[PDB]
Each structure stands twice: as C-alpha cells, then as structure tokens.
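Worksheet: the structure to be examined is printed underneath.
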Amino acid sequence: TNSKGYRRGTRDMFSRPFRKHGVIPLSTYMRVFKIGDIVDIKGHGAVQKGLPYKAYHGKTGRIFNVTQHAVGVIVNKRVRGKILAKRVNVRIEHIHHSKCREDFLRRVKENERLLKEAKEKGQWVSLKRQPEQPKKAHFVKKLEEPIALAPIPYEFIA
Amino acid sequence: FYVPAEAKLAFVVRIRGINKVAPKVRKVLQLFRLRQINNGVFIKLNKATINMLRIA
Amino acid sequence: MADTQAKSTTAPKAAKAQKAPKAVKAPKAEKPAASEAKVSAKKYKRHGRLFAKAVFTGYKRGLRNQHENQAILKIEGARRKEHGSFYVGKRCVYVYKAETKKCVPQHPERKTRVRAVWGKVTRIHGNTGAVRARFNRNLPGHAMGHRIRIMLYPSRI
Amino acid sequence: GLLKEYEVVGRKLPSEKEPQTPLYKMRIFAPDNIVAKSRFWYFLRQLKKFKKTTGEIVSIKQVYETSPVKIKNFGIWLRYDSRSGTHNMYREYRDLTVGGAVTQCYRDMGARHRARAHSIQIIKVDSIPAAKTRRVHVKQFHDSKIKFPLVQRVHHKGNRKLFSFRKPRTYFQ
Amino acid sequence: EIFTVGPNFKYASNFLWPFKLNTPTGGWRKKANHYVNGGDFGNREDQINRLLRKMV
Amino acid sequence: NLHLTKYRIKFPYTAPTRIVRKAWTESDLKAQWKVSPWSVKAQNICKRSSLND
RNA sequence: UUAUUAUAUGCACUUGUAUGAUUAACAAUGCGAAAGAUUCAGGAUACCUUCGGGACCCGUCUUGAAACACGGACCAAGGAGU
RNA sequence: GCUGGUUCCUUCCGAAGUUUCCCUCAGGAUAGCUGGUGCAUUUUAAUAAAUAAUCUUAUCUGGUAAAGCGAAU
RNA sequence: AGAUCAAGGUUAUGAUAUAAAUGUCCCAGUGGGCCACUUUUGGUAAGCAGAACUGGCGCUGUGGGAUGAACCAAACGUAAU
RNA sequence: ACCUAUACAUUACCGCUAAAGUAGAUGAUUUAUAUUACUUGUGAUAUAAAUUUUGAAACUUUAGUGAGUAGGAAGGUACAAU
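Protein chains in written order, with the numbering used here: chain C, 3 to 160; chain P, 323 to 378; chain Y, 390 to 546; chain S, 30 to 202; chain F, 14 to 69; chain B, 239 to 291.
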C-alpha cells in the first residue's frame, strides 16, 4: 500500500551491476561541467551521501549550478499535466555525461569546414541531415554462380 | 538481373472512420492531413516516413 | 487468333450497313459453312407493343428504411440484365380510378373518369431484370399489385 | 485468383563486409503478382538470415506454362497443417496446366481438410509421367480409350420460364 | 515537382488541399486485413492504379 | 457445359489437330450435319433467329 | 538533314464559342374574360377514407428504466431562483 | 450532508466520475476538465535564420518475457 | 562566467499547422461509474470483485448478428441522385 | 454479378465560424454624337440619352464547415405596469 517514501523500489536500479562493486574509479572525480554542458542523472551505490530519488533516475538535464562538489540540474518530470522544472542537488559520482551533444558538436565543425571548402567552388551546401533513401536501379550479373539456389522447407517432423 | 528502381512518391488514402482508432495513431494521422474517409495526399518516401506510415 | 474477332463482328456494321467494315459474314445462316455470329439465345416472349405490361413491387426498400421518393418495378418480359436495359429512359405511367370529373375536355377530349400520376424509369437494378423507377409524385402506396404500365416513349433501335 | 506462377530471387543488400550476396531463388504459385512479393519472405525466413528490409527482391518472373494443349499430369508434394497434426503430405491432381493444378489443389485441400491457406506451403511440383501415381481417384483415367457415357449437363435449372410447359424430362434417350 | 520528385516538393503538396475521392464502384473487396492475406490496406504499392481509376 | 452428338470419329488419343483437320473432312460430317432430321430443327437458330418484322 | 510547334491576323461586323457557382432558342397546353369565372400545378393546414415500412408511454434519481422501479384520473386559474 | 417538483424557442461550445486533506466514506472545499472575458504577437498576424507536436538520425536509459542452473541464493 | 569587437551560405531530420500566445473570474458542473481484447491479482468461482495501458458506454442517434447503452461498419445541418 | 445506411462526392439551401471587398456622388459611369488637342491614333471638351442609396450595427463575395444531455455565455418571443 506504499511508495511514500524515500527509497522504496530500488531492486535492480540503485545498486551496482555485476562485477563493478568495491572502490569507485577515480575518473569521474575529475570531470568538469560548465553552464550548459547538458548532463545525465543516474544511479549509483558507492557515494552514500546523496541520491536522486525514486522517479528521476534515467533522466538527463541542463546544469545551472556550479558549486563545491555538487551539481544542480533542470529536469522534466510528468505531473498530469503541468510538466515543470526541478532543481536537484547531487554529489558528482551519480552523474554521467550526455553523448547526445557529442555527435552534434562534430556536426558543427564539419559544417564550418565543408562550407569552407564550398567557399572555393560555391555549389552546393548539402549540409543538412538525411537518412537512407530509396537507392537506385542496378543491373546484377550472377557472377557468382547462376540461379536455383532453391531452399524450400520440409522441416516439421521431429 | 536488372532490378526496377525502388520508388519514392507514395500516395496515401484513408479507409477507416474517425472513431475506434488506436492511441498514437490519432496524432500521426493529423500529421499527414488525412482526416475524413477517402481523402488523400502524397509523401516523400524514405525510412523516416515508413516508420511513420507503419504506425497507421 | 482473336484479331478476327476485332474484325468479324463489325460485319453487323457491314450488314446493317454503315461504311461496311467487314467482308467475312457472321450471318447466323442455314449454310453448313456458316455457323457463327453467336446469339445469346434463348428467350421468346414479347412484352413490347405499347403499354407493355409490368406490375409493381413496392419501393426501393431498405430493410429498415423506405426511400419512397423512388419506386421499384417488375418487368414481365425481361429475365436477364441484357433484356431490361432496353427499358432505360422510358416513361412510367399508371392509371387508377376515382369518382368525379371536375375538369372539362379541352386538351384532347376527356370526360374525366380516369386519373393517373406519371413518371420515368431509369436504371437496371436486379440481376434478373428488376429495374427501379421514379415517378412524378410518389406511387400511391396501395398499388403493390396493381397493373401499372410502361409505354414505349421514347425509344430507339 | 487462378494461382499464377512466379519465380523470385532475393538480394540481402550489398553490405561492404561481403558484397555480392548469393541471391537464393524460390518457385511461388500465388494469387497475385503483388502478393508473392511478401510471400517470398515467408519462405525465405525458414532458411537464411535475411530479413526484410535487409534485402531486396530482384525480378519476379511470371512463367508461362509451356505445354497447355497436352494433358500432362502432375504430382504435388504438400505441407498441410490441420488442428495440430502438421505434417508432410503427398498428393496429386490431374489438371491441364500447373497454374490450374494449384488452384484445384488448394480447393481440394480446403474442401476435405479445412486447412486454411495460412498453413499450406507448396514445397514441390513435379511433372509425373505415368506409372507412379498411387491415387486411385486419378489413374483410372489413364486408361485410354474409354467408353464413358457419364451423360451430364450443367443442369442449368432449368431455364427461363419459371412456369414452363414442357416437363423437363432429363435422360432424353 | 511531384511526379518527378525534387527539392521543392515539400511546399508542393501542402499547396494542395486534400482531395475528396468519391467511392470506388465495384466496391472494396473486403476492407478487413492488410493486403497480402485478405486484401485491403497497406503495402500495396503497385495495384493502386486499379483503385484510382475507379475511386476518383 | 456441352451436349453430345452421335458421331464418333476415330482418332489416336494423343492426336495433333492436323490429322483431326484431315479426318473431320474425311468423315464427311459437314455433308451429313445439316441432313440430321432434328438438326433441321437446328435451323431455328439459323433461320428463326430474329424473325424479321 | 529530318520532323515539329507557337510567334509574323490589323478593320469594322456578327442570334453568333468559351466568362462572371457556364440550362438553355423551340413547340404545345391558356384569353388575369364588366361582375362572373374555367385551367395548371401544388396544399395530412388539423381530421376522416386507402396501403407500405417505422414504432415500447411520460418525468426522474443511476452504471442502467419501455420497467415486473416509484409520482401521473382528467381540466381551467395559482406555484418555486427573490 | 436526506428525498420530491426547479416553467419559452432556436444558434455556438461541451465535461465529470481522480489524486490529497476532513469524527469523511451518501456531502464539502482542492486541483483537474469545461465555458466565458478579452488582451499581445511572430515573412510559425492580416491589403522564415522563430516556434510549440510525431517519426527519423545520433546518445543514454530499465531487468519483463525469453532464458539460466554443467555460478551464487 | 560576464560585457564588446573580428570572420561566417542558402540554418542544419521528416511531416504539418484545422492558427499559435497568455493573465484574471478559480467561472456553472463533477468528484458512485461501466466494458471488451491483450497484460492481471483476489477466489474453485460467476453477468462478482481489484487494477495498469489504451479505445468506447454515460453524452450517442445509428446502418448490421431478428432481438440487445458498448459488438462491427460510421461518429447524425435540410434536401435529390 | 448484385445488395442496402443520416457515412463518402457533386450540384442547390439553411444557420454558424473564418477570410476579404465597398463609402471624394455640388460624383462615378458607359452609350452615341459634335468637335477638337490632334499622336498615325490616343485623349481631353460640348451636346443627347440612360444607369447609378444601406440600422457601414449596412452590403457584396469567398471558402470551409454543423450530434449532445450535466452545465456556461449568444441574439429571438410571450404575459406585465412605469
């Protein structure tokens, strides 16, 4: 009859997944985050002074706090419906980077350079993003082994 | 073996009502401007509209 | 092989004739070498002189509506949908008797005992020859089994 | 449909780690030229890895049975699935063409076994010459010549006059 | 800029209002399922022309 | 779909049409067809067709 | 070279093509007849007469009333948002 | 906080049956939905290089099937 | 981190926008619900209860399984085809 | 091959929502004609004729569009006395 309160429902979430227990790495005690370096909020089991509570874990956010050994985030969570902002304070080793910006920054500097090579011939930019297309119309020699090549099933009886 | 070209330029005509429609197929279908029965528009095909076209 | 069938049955336009577009006969003839022209026989029944008789069978009835602005007919000559399409576009007229006169004979003579609403058939409906039909007013409702008529007007060949 | 015949080859799109994929082929009898295009995937998903869309369907080819005027009979192997007794199966039906020899075979398999079309895979079609048909309801027709006064009609019943006058007296000998 | 597909296409069919196709006489054959078992809606892609000769 | 006549003409059961084209003229059916006394009755599709006015 | 097309038709006129939700020449049928008054369509105005389908008999609380759920015999005047 | 009745016509729009709190559990406040009242403005408002919503592209996110006992428990 | 100069393509995924954008009255109501598919506890169970995610019924006529608030077609200005 | 829905389409029509147009009429406007400046030919003058009104809360025109109790605002009518 309960959630209500403060750490219930942490079966596979809040601990350490397999073969990573014990002493923390020291890479994540080194990282640096400016204002606007978009970052994630996730779970941990090796700094037991601080957590993001039962709903947040698995969400990412902006950073507008720079402090002693903490990070204060903006994050969106579902109320019904007034989806608000929330300011959560947390010690740093709960937190991983976004890599979702980390494709986009090399989407920038290619476009500053591929326009820069375009600045000698003019046409054309072609600088937006497009997924795969309907391709072509080949003609295909066998070339490699003419047809039939006939796999027809018969397998049930066992 | 000469393949034909697999094509762009589809054309999409609604078939079924306004009602008894699935949850997130209500926003996709207002996102092609098919609303009434037997209305149609065209698309520019790629993968990025197939998995909009598949969810209707 | 079927290319002469794009040719040989234009001999009806050569036996009518108009511009004579075929020399091979297709004659339905009594000759042993003349075994063609392919009639979709049989039927042999007239119902076509004038007021060719066709009794009436209720409105274009839904199961649970009416749509009484139209009406549906039973055309006693016809029995397949190639028959009845010759009853496109004819009028449809039905007489039924009543008491008084109340009108002088001026457009061509009428002592006025007969009274008749009017109309016009359109299209073939039933896969055997029942052919629905619209009237001037509405087919007065008690006629389902009255002997209404179809006159030849207008007609062609 | 009348179950026309298509042969069909798949592609497995040409990914650079191994270009020129081996392009396997089926033999599909199908109600339509539009529907074998997504039946070939059902046969192909029994053997290779190959899922749509990681492969293309290079040319379906309608093939035009060669000897229609002759009356050559065929056997078909068969995989029916009834209620739970999915099996192997061998039959034959004596037909004119191969394309008529699969409509009839469906519409016997749906006729005595109920065997819907979602449980039949035409695994093989062989042109049997003679002398190996087991099939007692067929090979009694091998016996040319035959007297055969099985006098039938359409029994068009009867015809036009729904109140006739002339007593329709079938046998007429 | 539609039948040949080009780079002005995206503005070349928001320019059309959706049509008002009538209803295809002969009918719809079943309207039950996807094309490749029963037959109607879906990946039909080539027999759309026998529809639009009727439906429009 | 068909009714039968009464004139059996010999052929091999795997005959091409050309010997049937040969033998049908040899079996003089086209002579004796229109003399069959109730294929005189066949002439109501060959004369009583359309029975002009 | 061979095909091809539009541009090189002003001047008045014409019941005249098409254009402003592109329907209209003809023909018949008839006198708004001093007052009087025939003709053609319409017309359940609210009946009665004749047939085809429809169809539970009205408030209301409730998920649900045709209710084998409560209130209603009929009518005129009075009555509840100040 | 419980039942009965709460009287003229059309046009427009069109819900609730939930969370909390309460000697409340047949009721009320509360947000919720709705309706009204305008008001500020987009080359997304008047003779796009800016937005807000679904898929794509990319990037993180969970232990439920399916498994798994020739690992723990 | 801030203010301020210097260089800068066509603004950077698709498809739309029946128009988007907000402050009051806290505005009348309503705070008892029902069902089918999957997913599913309680119980042997039921046209019972107890729910999460949708669609619908209450608010809704309707054409169709004679019948039936939900079933499946389709969501209802007056008219002919 | 046919079968029927108040659904789908097209023509009318109703109301509703949206968009858009119209006010120097002691003018505007054609139709003719006299003349003319004459610029071949386009314009101004003069005569003759006729069309030209609305609670701009009007009027024209255009597209789309219409279910509904619980409930809120919209103009409309009865029965009053001042």
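In this text, a Cβ means the ideal position worked out from N, Cα and C, and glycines have one as well.
Residue closest to residue i, alpha-carbon to alpha-carbon, out of the options
i: residue 40/C; options: 64/C, 146/C, 101/C; result: 64/C
i: residue 466/Y; options: 195/S, 201/S, 190/S; result: 190/S
i: residue 35/S; options: 44/S, 51/S, 59/S, 42/S; result: 59/S
i: residue 502/Y; options: 460/Y, 493/Y, 432/Y; result: 493/Y
i: residue 63/S; options: 42/F, 56/F, 44/F; result: 56/F
i: residue 540/Y; options: 440/Y, 404/Y, 392/Y; result: 440/Y
i: residue 172/S; options: 184/S, 159/S, 180/S; result: 159/S
i: residue 29/F; options: 371/P, 378/P, 364/P; result: 364/P
i: residue 471/Y; options: 400/Y, 517/Y, 405/Y, 422/Y; result: 517/Y
i: residue 324/P; options: 140/S, 87/S, 161/S, 111/S; result: 87/S
i: residue 22/C; options: 149/C, 48/C, 124/C, 137/C; result: 48/C
i: residue 284/B; options: 434/Y, 430/Y, 435/Y, 499/Y; result: 430/Y
Collapsed DSSP secondary structure at residue i in the structure displayed
i: residue 75/S; result: coil
i: residue 78/C; result: strand
i: residue 106/C; result: helix
i: residue 458/Y; result: coil
i: residue 120/C; result: helix
i: residue 257/B; result: helix
i: residue 246/S; result: This structure cannot settle anything about residue 246/S, because the visible part of chain S is limited to 30 through 202.
i: residue 114/C; result: helix
i: residue 91/S; result: strand
i: residue 378/P; result: coil
i: residue 94/C; result: helix
i: residue 46/C; result: coil
i: residue 99/C; result: strand
i: residue 145/C; result: coil
i: residue 107/S; result: strand
i: residue 38/S; result: strand
i: residue 63/F; result: helix
i: residue 136/S; result: helix
Below-8 Å beta-carbon distance, residue i vs any chain C residue
i: residue 345/P; result: no
i: residue 369/P; result: yes
i: residue 153/S; result: yes
Any C-beta of chain S under 8 Å from that of residue i
i: residue 325/P; result: yes
i: residue 16/C; result: no
i: residue 158/C; result: yes
i: residue 53/C; result: no
i: residue 290/B; result: no
i: residue 19/C; result: no
C-beta neighbour in chain Y for residue i, strict 8 Å
i: residue 182/S; result: no
i: residue 247/B; result: no
i: residue 244/B; result: no
Any C-beta of chain P under 8 Å from that of residue i
i: residue 37/S; result: no
i: residue 49/F; result: no
Test: residue i CB closer than 8 Å to a CB of chain F
i: residue 363/P; result: yes
Exercise. Give the residues from the region 252 to 281 of chain B that approach chain Y closer than 7 Å (Cβ to any Cβ), ordered along the chain.
Key: 268, 271, 272, 281
Quiz item: Quick one: any contact between the region 78 to 87 of chain C and the region 27 to 42 of chain C, if contact means 3 or more CB pairs under 8 Å?
Solution: no
Quiz prompt | Proximal residues, the region 400 to 429 of chain Y versus chain S, C-beta separation under 8 Å | solution = none
Quiz item: the region 130 to 143 of chain C: which residues have C-beta closer than 7 Å to a C-beta of chain P, in chain order?
Solution: 133, 134, 135, 136, 137, 138, 139, 140, 141, 142
Practice problem: Output, in sequence order along the chain, the residues in the region 160 to 177 of chain S whose CB is closer than 7 Å to any CB in chain B. | Solution: 173, 174
Quiz item: Does the pairing of the region 357 to 373 of chain P with the region 119 to 126 of chain S give three or more beta-carbon distances under 8 Å?
Solution: no
Quiz item: Can you list, in chain order, the residues of the region 463 to 474 of chain Y whose Cβ is nearer than 8 Å to any Cβ on chain S?
Solution: 468
Quiz item: Any residues in the region 77 to 91 of chain S with a beta carbon nearer than 7 Å to a beta carbon of chain P? Which ones, in chain order?
Solution: 85, 87, 88
Practice problem: Could you please tell me which residues of the region 506 to 525 of chain Y, in chain order, have their CB closer than 9 Å to any CB of chain S? | Solution: none
Quiz prompt | Chain-ordered residues of the region 44 to 66 of chain S with a beta carbon less than 7 Å from chain F | solution = 63, 64
Self-check item: Segment contact flag, the region 475 to 485 of chain Y with the region 509 to 522 of chain Y, C-beta cutoff 8 Å, min 3 pairs
Solution: yes
Quiz item: Should the region 89 to 96 of chain S be called in touch with the region 331 to 341 of chain P, which here means at least 3 C-beta pairs below 8 Å?
Solution: no
Quiz item: Would the region 127 to 140 of chain C and the region 48 to 58 of chain S be scored as touching if the rule is three or more Cβ pairs under 8 Å?
Solution: no
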